[PDB]
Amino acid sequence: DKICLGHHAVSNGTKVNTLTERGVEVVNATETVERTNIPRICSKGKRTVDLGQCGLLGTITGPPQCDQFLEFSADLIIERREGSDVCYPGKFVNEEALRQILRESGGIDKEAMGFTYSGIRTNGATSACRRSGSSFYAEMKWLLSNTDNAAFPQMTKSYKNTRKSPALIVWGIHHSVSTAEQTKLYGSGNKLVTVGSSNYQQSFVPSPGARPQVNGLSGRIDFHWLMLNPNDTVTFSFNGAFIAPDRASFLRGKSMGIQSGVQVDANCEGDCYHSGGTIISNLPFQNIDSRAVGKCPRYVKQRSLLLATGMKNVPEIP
């Protein structure tokens, strides 16, 4: 009579790694490194905006592309490669910092700044900002002299943030194609624009000169921005080449922004994103994208790390 103690085993064994062995077979194992990508932006439960052709910074200035998003609200913000912040050729100073701010803003609330002008044109428009006809940035005012080559009066405009949140203020400096064009628009002589706050001080001079044609235009408007603390005031002193804001921006709350080139799905629920889609996984690691954002498993170099979920496999003696 005999009794034996034993353990189960399989012929269907899978190899794993230990401190000592490499490729030791165990009975059962599971993957710890996620590689299964969902090629969509799973947005269920999240208020989502697809800016498309509208650049994120464009939501503040307001090219035609961003007319729908001038006061948008969202939990999830999606930038697209086709997006553009600009109609009239130009770029933001410290653009990326501003993007990072807007990506988690929860959207923007616009409020008039209440600037009034006399002895001056404000109807500055261009062919690059076509909205039905020639137009301009929706939130901005292109200020000219009055007739042609006429002197631009020195002006001083101020604005106080009477709210409890910081105000996002954007202004633009216009760089004409020639000193001839600058004079035709704002008059002769050198031009200065100063922007004063209670924690900010900067200065700006235009730079007329020939540049490659972008959107048919050789002129440039570079935008500048600051955050205005509550009850603080910004003051604009200028005499030409100044793109004035009409409204200020206030951040709604909280959100997250991503850059993607794949469609959106309001059925799937996710919390970790990358340009290629959504990573939904309980696994600790992933090998899909190092720049994945949201609540994600840590990115690793390896595509596979098997965790033994069973004992060491020892085949039966036949």
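We call the rigid core whatever largest set of C-alpha positions still superposes within 1.5 Å between the two forms. The first residue of the shown sequence is 1; numbering continues from there.
In summary, of the stretches 194 to 202 and 73 to 81, 194 to 202 shows the greater Cα distance from the shown form in 4 other deposited structures of this protein, with structures fitted on the rigid core. When the other structures are laid on the shown form by the rigid core, the stretch among 244 to 252 and 215 to 223 with the greater C-alpha deviation in 4 other deposited structures of this protein turns out to be 215 to 223. Stretches 214 to 222 and 95 to 103 differ in mean CA B factor, with 214 to 222 having the higher one. Taking only CA atoms, the mean B-factor in the PDB entry is higher for 42 to 50 than for the other of 249 to 257 and 42 to 50.
Per the deposited coordinates, the residue with the largest Cα temperature factor out of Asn287, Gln68, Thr61, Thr32 is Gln68. Of the residues listed, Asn12, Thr18, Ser304, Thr309, the entry assigns the biggest Cα temperature factor to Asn12. Among the modelled residues of the chain, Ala266 sits in the highest third by CA temperature factor in this PDB entry.
When the CA B factors of the chain's modelled residues are split into thirds, the value for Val193 lands in the highest one. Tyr117 sits in the middle third of its chain by CA B factor, as recorded in the PDB entry.
When the modelled residues of the chain are ordered by C-alpha B-factor, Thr235 sits in the middle third. When all modelled residues of the chain are sorted by CA temperature factor, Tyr137 is found within the middle third.
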